[PDB]
Every structure is written in C-alpha cells, then in structure tokens.
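In: okay, here's the opening piece of the assembly, coordinates as they are in the complex:
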Amino acid sequence: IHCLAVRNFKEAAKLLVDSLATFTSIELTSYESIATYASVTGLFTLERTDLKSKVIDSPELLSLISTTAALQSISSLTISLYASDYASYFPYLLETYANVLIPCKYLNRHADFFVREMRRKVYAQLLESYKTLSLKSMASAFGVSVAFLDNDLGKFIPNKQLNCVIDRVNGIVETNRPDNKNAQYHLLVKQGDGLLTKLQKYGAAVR
Amino acid sequence: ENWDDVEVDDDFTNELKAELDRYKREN
Amino acid sequence: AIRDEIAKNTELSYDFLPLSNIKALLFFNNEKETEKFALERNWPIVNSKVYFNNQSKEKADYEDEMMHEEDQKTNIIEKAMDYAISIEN
Amino acid sequence: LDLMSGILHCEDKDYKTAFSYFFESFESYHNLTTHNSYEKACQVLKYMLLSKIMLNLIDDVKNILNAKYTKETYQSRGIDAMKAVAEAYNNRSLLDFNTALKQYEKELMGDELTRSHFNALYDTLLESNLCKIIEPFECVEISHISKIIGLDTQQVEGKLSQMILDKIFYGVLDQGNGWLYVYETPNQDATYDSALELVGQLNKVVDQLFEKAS
Amino acid sequence: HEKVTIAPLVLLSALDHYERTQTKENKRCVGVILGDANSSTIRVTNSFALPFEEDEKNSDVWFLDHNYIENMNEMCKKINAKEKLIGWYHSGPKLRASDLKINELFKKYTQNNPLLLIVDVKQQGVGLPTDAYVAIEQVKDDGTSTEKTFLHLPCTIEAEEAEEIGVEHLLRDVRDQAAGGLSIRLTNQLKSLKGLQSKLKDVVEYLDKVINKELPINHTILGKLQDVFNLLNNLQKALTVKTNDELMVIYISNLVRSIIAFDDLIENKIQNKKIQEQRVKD
Amino acid sequence: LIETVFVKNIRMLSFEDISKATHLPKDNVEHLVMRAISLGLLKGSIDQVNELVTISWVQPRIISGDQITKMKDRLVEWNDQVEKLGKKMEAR
Amino acid sequence: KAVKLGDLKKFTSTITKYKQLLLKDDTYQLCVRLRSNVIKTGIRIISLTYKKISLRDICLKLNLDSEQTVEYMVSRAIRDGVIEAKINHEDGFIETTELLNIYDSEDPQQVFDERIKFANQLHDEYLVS
C-alpha cells in the first residue's frame, strides 16, 4: 500500500499481489478487495508469460471466477491480453475503470494516467511481433480514432518510453531493439548528479 | 511525481465512448 | 540579416534547392547574386537545382584536444598511468 | 488407485510423478489378465506415451516398442496410432499426425481423456510444427508457410504473433508483402540488468560514514 | 613444448674465464650444460667450460677435447649422478658456421636432443640476446638443399631457492615491485619495439648487402617480410567501430568503482577529532 | 591482378578485370579459381550478388626487390611515428 | 503546461493574466527563453523526433503560425544542434538523423574526464585533514 504512491509496484508483486491466505484478514482488508488488487497490479508488473503461470495458477482466482463476476476484469483484461487483441481490449478499459478503479480505495487518486500507460503497452508488445504494418489497416477495426491515437503516443517520447517506429502521414510502422549501446551507457549519465550529491555535501567542515 | 502525474486531463472517459460510437456508425 | 541565417541553416537541411523557390526565401530575383554568394561559401553549382555538400577538413579551429594535438590517446595513457602517480603519493 | 490418481494429474501436469503411477499399474495387469480386459492396460500404455509428449523425450519412447515385455502380441488400431504419433511428434508433421487421427478417432480419440489432450496437442503441435518450420527457413514468404500449416493469411496471422511474445522465438513479420525477417540473436550484456546493483549501495555508505563524526 | 631454462651461474662462470684469459672480440668459449631431462622440456642448471680456441681469419679451425674434458663430468658424477650431458653451449658472437657442419660429434656424447646456446662476452642488450638452437633437418624453400640448420627457441634465466634470495641479498638497492611496475614494463615494451626497430635498421642494411658486391638473397626472409602489410594501417579501420567500444567499457567499470574504495579513509578526521577529546589528561 | 590489386588499402577485386583477361564466362571463372584456391593461393571467399571478389592472401609471392625500396621504408618511417609518440611516456 | 509541453496558445494566456507577477525583479526578461522553448520543445512534442515526417502532418500542430514559415522552425534548430533533419521543398519530406552510434569514441570521453578527477578530489583532502 505504501508503494502505491511511489508506483514501484515491483516489491508488491511478490508480497501484496501474491497472497498466502485464500480468504482475507478481516480488519485489514476485504476478500473481494485483496483479489482485485492482484489482477490490477499483476498485469502492470508481471508480464504476459507470468499471467498464465501465476495468476490463473493460484487457486484464489479459480474460486473468484465461479462466485463473483462483478469484477469483470477476469474475462476482459485477462483474455484480451492473453489473446493480444487490441480491438476487444479498448472497450473494456472504461468498463473496468468504472467498476474497479473508481471504487478502488487506493489507486483512485491517480487513475487515468495509469490507464493510458497500460493502454499502449498492449499494442506496444504486439508491435514487436510485426515488422511492416500500415496505419489504417488493422487500426480501423480496433474501434479507435487515428488522431487521438497519435496524441497519446506523441507525449510518450520525452518519457523515453518509445524506441520504436511509429509513423502517421505515411503509415509505415516498424519495431526496434531497445537493448543497444546507447541505453547501456545511460546508466552512467543518470548517476552523474546523484553520486556527487552527498560527496561534496558533508566534505565542507569534515574532510 | 512529475507533471504527468499531477496532470489528470480527465479526457479518457469522453474519448473512449466517442470512438466506440464512431466505429459502429460506419457500418 | 534576416535572410543571412537561412543559408547557414541550409547546410544540413536542404540537399537540393530549386531556382524557383529561391525568390520566396532569399528574395533573389536574379541568379547573379545567388551564385556570387555560393562562391564565397564554396558550394557546387550545376544545371537546374544546386547541389549542397558542406564538406569539412582537418584541424578544425581552436580548442585543443580536438583534432589538433597528435595522438590524443597519449593523454589518455597519461590518465591511465601518470594519474596513478598522485594516487600513491 | 495410481491410474485414477494419474488421471487427476492430466490437468495438474507433473508428468514425471504421474509416469511412476502408470508404470506400477502397467506390469500388474500383465501377470493378471484373465477376467479383466487386457486392453485397459493398453490404454494405460497410451497414457504412458501421452506423458512423454508433454515431457518431449525420445529414447525412452522407443525403448518401450523395442522391449520384449511391452510389445509381445499386443497390437491394435490405437497402438498403431500411438506408434505413429510418437515419431510424428518429433518430426513435427501436421499432415502425418492428423491423418492417423481421422481413421483411428473411434479407437484412439474416442476416449474423453485422450480427446481433451489431443485437441490441445493439435494446438501444441501447431506451435511445435511452426517452430520447426522457421528454424531452417529464414526470410521466406508467409504464403508459403500458410500452405504448409493449411491455413490462409489471416487465420495463421493470429497464431504467428502469438508465439513471438511467448519467448519461444523472437521474430518479425512483413504483413504488406507477406515476407519474413530473421531477428532473434541472443546476446550477453551484464552491463544493464547486472549493473543495477551498484547503484543502490552508493549513497547508503556515505550516510554511515558521516554519522560517526557527528 | 621445448623451453630452455638457464641458470645465471652459467653466465657468471663463463664471465670469470673471459677476464682471466682475456677472451673477447670474436673469440668463442665453448662449454657444456648439465641436467636430467627425459622429456622435451630442457632444464639447464650446472655447466662446465671447454678450453676451445679458434682463428678469426679461418672459421674451419677448431680443436675440442673429447674424453679429456669429460673428466670434469666424471668428478661431478660422484657429486651428482642424476644429471648427465643434455647438450652444449657456445659463444659465437658473429655465429661461426663451424657448428652447422658437424652435429654428430656433440650428439655422440649427449643422448638428449641437440641444443646449442649463446653466451656472448658482452650480453649487454636490454632485450633477450641469449638464444637457443636445435639442430634438425628442416625443409628450406630457398631452392638449394634441405640440410641440418638451427631452430630458434625462447629461453630464460632460472631461479631456485638457492639463488633467488642470494642475488637479491647482493643487490638490495633498486627493487620497486608494486602496481607501479606497469610503467617500467610498458616502457620496456616500447623499448622492445625500439629494440626491434634497431633490428629493423639491420634489415635496412640487409638491402645494402644486396647493393654490396656479389651477395645472395635469402628467400625465407622475404616470405616473412612480405606479409608485414596485409597483416595487422588503414585496413583495420573497418573493425575500429566495435573495437573502441571494448576499450571504453574498461574505463566505465574502473572509474565508477575507483572513487568508492578511496572514501573509506574518512575515519582519519574522526580519529583526529577524538584526539582533542582525549587531551583532558594531555 | 593480385600484384595489381595490392597497393595500399585495396584487398578486393571484382568480376571485371578477372573475366576479361582470361576470356572466360564469369560463371565458370568462379569455380575455376577454386581449383587453384585449394592449392594454397588465396583463402578468400568470392561473392555473387555484390560481384566482388574477397581475397585472403596467404601466397608467398617470391622474386621481390621492386617492392623492397618502398616496402622496407614503410617499416621504418611509419614505425618511427610510434617512436616519436612514445617519447612522452618517459615520465615513468 | 505550456513551456514544458511546447504550446504557444496556452503560453500567451499565462503571460497575460500573470503579467502582474512579472513586475518583480528580472522576472520579465526570463520570458524570452520561455517563448523560445515553445519552438524548441514544441519540436519534441511533435513527431519530428521520429524519422519519417511530412510537412502536411507538421502543419496541423503549427497551424497557429503559418504554412511556408515552418521550414524556418526546423532549420533553425539544426544549426544549434537540437535536432538534425532534411527538408523537401515539394511535399515537405522530413528525414531526421537518429544516431545509434554515439557514446563510442570521444563522446563519453567528456564525461570520463570528470570521473577521473573525482578519485583524488576527496583523497587529497585526507592528507590535508
């Protein structure tokens, strides 16, 4: 819960997301609540391979499918991601956002930005599979607009979240290799101002 | 948290329902 | 001065320019002033459009440890050797 | 008991432990027979080789057919099917694997336990056969791959991009001209994933050194 | 592999005989080595001296005692009977050709493979002037004949428990063994290139030897000097793209971890601050 | 052609001068040189689409003395560049 | 919301109402760089950072200024070193050079010069105190 504001989410995948007790702890949280945060956060941290090896592997999910279907994220976000279908994944964003993220007691503060990130990640992973793809070929059947699709992707460039090939006026769309000798050297640049912070700080009176 | 976290345009709700209605009317 | 910085920005911008669009940029109605400016700036002039290259050369300007002093790795060798002198004593 | 227990392991995987359950009950019916049907032990032998498909082993499969005790005079239409699909699963031939299933469906696939897996093994071999097609063949036409699998351009397109993100193989596909491009070249870096640990321990040491002077 | 290991006493024992009889200036001092080697590896420890004399004008003049010099080996046999004659060593400042003609006389008394070392009266080079010879039948591409020639192999100086500290106890002046030894060796590696550059100046004279009156040309030397271009220089420029990246990674991991370990000396100010608190009794 | 292709930086031939000198079709010339390649002459690998002959030259090529004027001097003057740049390393 | 996102429309409405806050010491003169980043950072929010771009796609976001003057926007940032691009006069083909070969020779050396002097920086202070 404390990592939900920092948005680390990695240390909570094997602790908060992975629950040893099938039924909740009462005074801490709720049975439907502890099973809801496992699916929401698990899709952001655990990859698609770990979805079938962990989420459905745990017996806690099998008991939720045959009892409470009100979450709607078990038959929507899980199937659309496993099948890599963006056409069906788009309309389930708001339906889940309304019945999960809005009633959510933690992540309801910052929501729309958290959804827009995972919205492209489903399509970003599919981009690695195909080499050459036009703009209007399969995107017209996905039920989305071309203008709004480029607006969200255009703002992700300064965040260093796009190494790939995305084009609009022409429409030739390819994939790239984020592992190279550029980001390999980026580790040293990021540590430039963070390593010398405390070295020149306490070295005034002492040393 | 940078500006992207505190931005919160609240435009995700209207843009999702609009695109679904545009595709259904193109039939 | 408004049109002087157009050619300086053209070096890495245009690989070719037509003679018709020059009147809308450098405001040159005659090809005489266009060619006279290219002679001082060392640009090739051919038929129809004008090819742009902007080739560099050896020993660029001032500020040594760039292209100037021979075997720049010598100081790198000194930083791997002569710098270790101050580490011991 | 071990047979019905191993049947529970069908959806629970763990075929190495379930193989010992079927092996202990296979030699039991060999010395009994009489009133009970000896073909039930042949169905157990089918489940023994069924676990070999999920484990993907070869030498242990041919040792059963070459053994004098496990072969003998016992053969049937279902045994000829299991003998054919055993080598067909290694060769990964969709035409030969599915051909023996159509004629023997009443014998082999007539059982619900076998049909449930063979329907999944049909998709599993479709993933296995596709993996064997692209290994020798780099940068080929998608239409030629569709002729081998038997599907059209659109149907296999969903199955092609499905395995790329499964970490089975890394490749890209040209949809416009229906081409292929070789991609996967596994590297060794250690400069990014393995160099991250050095970051966290930097500023933690400086704080401990200043508190001693204070 | 055949590696000759020479004891430094061999050079010191012959150095005394160079001063006594004043043997120098194209005068060879023949000697014999000692050791027990049944393998290809040759171990040279003890050595004797052979009273050899030669003429400077005539290289075919040689006199060597066979069983009269072996009396020293008979006297040493009662001392150490484990070591026998494994070879011999000469001087050969200009490398007389007398050793090329007869390989049998020296091999008759030495059951090991034929070995010929070089101890010069000078031996003042910063490089490795000591050279070893192996006399065998090697095919020559020069087009004359295939006969017995010398096979060069690298050698070194032996160090054992007796003479390891003995020499250091005699010197005990300039040692300097530390991480700073890179500046001494890498400079010597540059001197090794300059030492071979001086040998390249002899190659410059090799062409002048062709310019000289009636001298032949060695075809074997031309084969090694022919590949100096295509081997190893703008040809390597195509591979410098990925090569320079490997040299930068060494600098990346070095500079980030070098400024860490040096920050553990902060306790100097901490201990000095506690000294002022201990001055109540001072 | 091997003596002609080698001047400074050029290790590579093409299909032009090789086929015109032998008066043979380029299809056979590729496989006719391979009979002489197995003799230890050239270790290179000839391409097809690029129409460029890659040459790995192990051949001794004796009867020198025209090259030795420039050949031997390039092992000194060019090597003197290393000696001049190494004099600044004498600090230690 | 304006300068960092490179928006000219929302920048003019911010300076107009807050102009009273710009009457402080040297708070007006910093606006010269605030409106220049609208062009500089505006290139980054636009897809010009991507390789293949056409002018007809550029005129959509820059429509607030004009058509023919867009060639002056990209070319000005090329000489300064922000981003390199090639402009076509017909359809406005924009090909921007993306360098994956950097940080190889002499590029990281500028940072390497700083990492070398950090060791003896705090080490020589031990001899002083």
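Out: Cool, got the structure. Residues are numbered from 1 along each chain as shown, chains lettered A, B, ... in the order given.

In: residues near the residue in chain C positioned nearest to chain G, how many?
Out: Among the residues of chain C, residue C:9 lies closest to chain G, at 3.7 Å counting by C-beta to the nearest C-beta. C-beta here means a position set from N, CA and C on the backbone, and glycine is covered the same way. Look at residue C:9: counted by other C-beta atoms under 10 Å in any protein chain shown, it has 19 neighbours.

In: Now it: closest residue in space, sequence neighbours ignored.
Out: residue G:75 (3.7 Å; C-beta to C-beta, 6 or more residues apart in numbering or on different chains).

In: which parts of the helix or strand harbouring the one you found are buried?
Out: Per DSSP states H and E, residue G:75 falls inside helix G:70-80. Neighbour counts over helix G:70-80 (16 or more other C-beta atoms under 10 Å in any protein chain shown) mark G:70, G:71, G:72, G:73, G:74, G:75, G:76, G:77, G:78 as buried.

In: State the number of residues packed around the spatially closest residue to the last one that is not a sequence neighbour.
Out: In this case it means residue G:78. Spatial nearest neighbour of residue G:78, excluding adjacent residues (C-beta to C-beta, 6+ apart): residue C:12 at 5.0 Å. Residue C:12 has 17 neighbours, counted by other C-beta under 10 Å.

In: Distance check, residue E:152 against residue E:73.
Out: Residue E:152 is 27 Å from residue E:73, where distance means C-beta to C-beta, to the nearest Å.

In: now swap in residue D:136 and tell me
Out: 71 Å.

In: More neighbours: those two, which one.
Out: Higher neighbour count among residue D:136 and residue E:73: residue E:73, with 17 against 7, using other C-beta under 10 Å.

In: Pretty sure the more buried one sits against residue E:48.
Out: Yes. The pair formed by residue E:73 and residue E:48 meets the contact definition of C-beta atoms under 8 Å, at 7.0 Å.

In: tell me, what's touching the two both at once?
Out: E:32, E:34 (C-beta atoms under 8 Å, 6 or more residues apart in numbering or on different chains).

In: Can you get me the start-to-end distance on stretch E:95-111?
Out: Start to finish, the residues bounding stretch E:95-111 are 24 Å apart (C-alpha to C-alpha, to the nearest Å).

In: ditto for stretch F:36-51
Out: End-to-end for stretch F:36-51, by C-alpha to C-alpha: 20 Å.

In: try stretch E:225-242
Out: 29 Å.

In: Append chain H to the structure above:
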Amino acid sequence: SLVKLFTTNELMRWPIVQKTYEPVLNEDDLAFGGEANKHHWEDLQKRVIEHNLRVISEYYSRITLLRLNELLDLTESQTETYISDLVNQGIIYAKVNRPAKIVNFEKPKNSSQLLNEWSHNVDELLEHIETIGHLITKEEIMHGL
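Out: Same chains as before, plus chain H:
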C-alpha cells in the same frame, strides 16, 4: 580423387560418372549385391549434395537464388526441401533471404572473439624478426668473409 574433390566438387559430373560406369555403383559384388537401387543411386545423390553444400558454404558467402539452383544440378522445389535438412547436419547453418535472393552460409561474429587474430599478427612480427635475425647471419658469409 573424389575425396580430394570435396572442396572443389561441382556435383555436375556426378550424373555423368553414375550413368557411364555403374558395375559397382547400383549393384555390389562382395558387399551388398544391389537388390534395390535405392540403396545407392538414390542415396549417392543425397550425400554428394551435402558435400556440394560444403563447397559453396566455404568460398561463397552469398549466392543468387537463380544461380544457386543452376550450380546444384537441382530444382527450386528440391532445394527448398534440402534447406530444412541443414539443421540436422550439425555443421553449417545457412541464412536465406528470399526477396534479396541471397543465401548467407556464414554468420556474423562480434569483434571480441576476433581479438586473438587481431593481436596475433603482432606476435608474428615478434617471431619473424627474431627468426630472420639468425637467417641474416647466413647471408653474412659473403659480407663478412
């Protein structure tokens, strides 16, 4: 001579020698007896292709798809099948490009693995100058005497 031909084999002379003389080829005397010609006539053709691929994969880095079918004495339908058997060979792995008609038999390698040969030529000059030093002495006979 066929064993020494493994490097230069064009495979084009295989059907000529097969049809001209086959007393011991299709049938055998002291070994098999040739009851079925598929043990030889069919098998010899499959084996010489593996030796002919060894010919091209060495001294030809890239080959044209139209030119490759003419040099293998085969057809495009048969050549595509033999590519699938390149994995089971365990020797060479070809990289084929259909739109470029380029078949790359070799593989690109990083410069880190080639650093040995890059620094080996320096060791050559160390041995060459050291070896010729005693060879120049043989040339000093006429110089000195």
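
In: returning to what we had before: quick one: strands adjacent to the very next helix or strand once past the helix holding residue G:75?
Out: Next in sequence after helix G:70-80, counting helices and strands by DSSP H and E, comes strand G:85-87. Its sheet considered, strand G:85-87 pairs with strand G:93-96 (antiparallel) by DSSP bridges.

In: Export only the CA atoms of the strand it pairs with, formatted as PDB.
Out: Coordinates of each C-alpha in strand G:93-96 appear next as PDB, following Å, rounded to 0.1, in the frame of the first residue of the first chain:
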ATOM      1  CA  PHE G  93       9.600  15.200 -46.600                       C
ATOM      2  CA  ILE G  94      11.300  15.300 -43.200                       C
ATOM      3  CA  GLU G  95      14.100  12.800 -42.600                       C
ATOM      4  CA  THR G  96      15.700  13.200 -39.200                       C
END
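
In: just how off-centre is whichever helix or strand comes after it within its chain?
Out: Next helix or strand after strand G:93-96 toward the C-terminus (DSSP H and E): helix G:109-117. Here helix G:109-117 is found 25 Å from its chain centre; the criterion is C-alpha atoms, centre = their mean, to the nearest Å.

In: quick one: buried residues of helix G:109-117?
Out: Using 16+ other C-beta under 10 Å as the test for burial, helix G:109-117 gives G:111, G:112, G:115, G:116.

In: Show me what from chain F comes close to chain H.
Out: In this structure, chain F approaches chain H at residues F:27, F:30-31, F:34-35, F:37-38, F:44-50, F:54, judged by C-beta under 8 Å from any C-beta of the partner chain.

In: if we can go back for a sec, kindly identify which of the buried residues of helix G:109-117 also come near chain F.
Out: Okay, of the buried residues of helix G:109-117, nothing touches chain F (C-beta under 8 Å from any C-beta).

In: I'd like those written out as TSV, with distance to residue H:48 added.
Out: Shown next, in TSV, are those (distance: C-beta to C-beta, whole Å):
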residue	distance to residue H:48
G:111	59
G:112	58
G:115	61
G:116	63
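
In: out of those, who's nearest chain C?
Out: When the buried residues of helix G:109-117 are compared for distance to chain C (C-beta to the nearest C-beta), residue G:116 wins out at 5.4 Å.

In: Need the nearest residue in space to the closest one, chain neighbours excluded.
Out: For residue G:116, the spatially nearest residue (C-beta to C-beta, 6+ apart) is residue C:79, at 5.4 Å.

In: here's chain I, add it to the model above:
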Amino acid sequence: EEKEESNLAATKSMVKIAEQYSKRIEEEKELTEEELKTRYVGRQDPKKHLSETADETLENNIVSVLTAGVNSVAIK
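Out: That brings us to chain I, laid onto the chains above:
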C-alpha cells in the same frame, strides 16, 4: 592480451559478480549499532566485511589498470 577472446567477458564478470557482494556486505556490517569499541572482534574482523571489500574493489581495479586501455601501442 593476445590470449583474450572469451576471457574479456570473463574479466567483465569478475568486476561485477564478486563486486556486487562487496557492496551489500559493506552496508550489512556497518549497520550494527553495538560499537562499544574496546576489543570485541576488532583484531581483524571487519577487514573482509568492510575494508577488504574496498581492497576487493581495488583487486578488480588493478587488473583493469593492468592492461588498461590502448595496450596495442597506438597504431589502429
């Protein structure tokens, strides 16, 4: 250096694998709030957990300086 092909990556593994342990152990031992000085383990306990780790970082930095860079003596 003429022997370096796969060992170049092995040198990169020695300056990382064994170094990551020295980073966590250095903070693990210093985290102790006992102190009390006097004698205790102070003969040499902390060297391997504190000071030798700094030397262990140097041991991999010595072999890094051993060949250093550009050990081919200029050229190309």
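
In: quick one: whichever residue of chain F sits closest to chain E and residue F:84, what's the gap?
Out: Going by C-beta to the nearest C-beta, chain E is nearest to residue F:92 of chain F, at 4.1 Å. Separation of residue F:92 from residue F:84 (C-beta to C-beta): 19 Å.

In: which one of those two has more residues nearby?
Out: residue F:92 (13 against 10).

In: Quick check: closest non-adjacent residue to that one.
Out: Per C-beta to C-beta, 6+ apart, closest to residue F:92 is residue E:183, 4.1 Å.

In: Would you mind giving both backbone torsions of that neighbour?
Out: As for residue E:183, its main-chain torsions (degrees, to the nearest 10) stand at phi -70, psi -30.

In: what's around it, how many residues?
Out: 18.

In: before we move on, back to that, the residue of chain F closest to chain E and residue E:185 touch, don't they?
Out: No. Applying C-beta under 8 Å, one finds residue F:92 not in contact with residue E:185, separated by 11.5 Å.

In: For chain F, which segments count as helices?
Out: Using DSSP state H, the helices found in chain F span residues F:2-5, F:15-22, F:26-37, F:68-73, F:77-85.

In: Next, see if the fourth one gets close to chain E.
Out: Yes. Counting by C-beta under 8 Å from any C-beta, chain E has neighbours in helix F:68-73: F:68, F:71, F:72.

In: count of neighbours near residue I:62?
Out: For residue I:62, the neighbour count with other C-beta under 10 Å is 13.

In: And stretch D:86-105, end to end?
Out: So stretch D:86-105: terminal residues 16 Å apart, C-alpha to C-alpha.

In: ok, now stretch D:46-63?
Out: From its first residue to its last, stretch D:46-63 covers 14 Å (C-alpha to C-alpha).

In: Identify all contacting residues around that stretch.
Out: In contact with stretch D:46-63 (C-beta under 8 Å, 6+ apart) are residues D:6-7, D:13, D:15-16, D:18-19, D:22-23, D:26, D:64, D:78, D:82, D:85-86, D:89-90, D:108, D:113-114, D:117, D:121.

In: Please tell me how far residue C:66 sits from residue E:213.
Out: 55 Å.

In: Give me the more crowded residue out of these two.
Out: residue C:66 (12 against 7).

In: residues in contact with residue D:145?
Out: D:130, D:133, D:134, D:137, D:156, D:180.

In: Please identify the helix or strand for the last one.
Out: Yep, that's residue D:180 we're talking about. With DSSP H and E as the criterion, residue D:180 is inside strand D:179-182.
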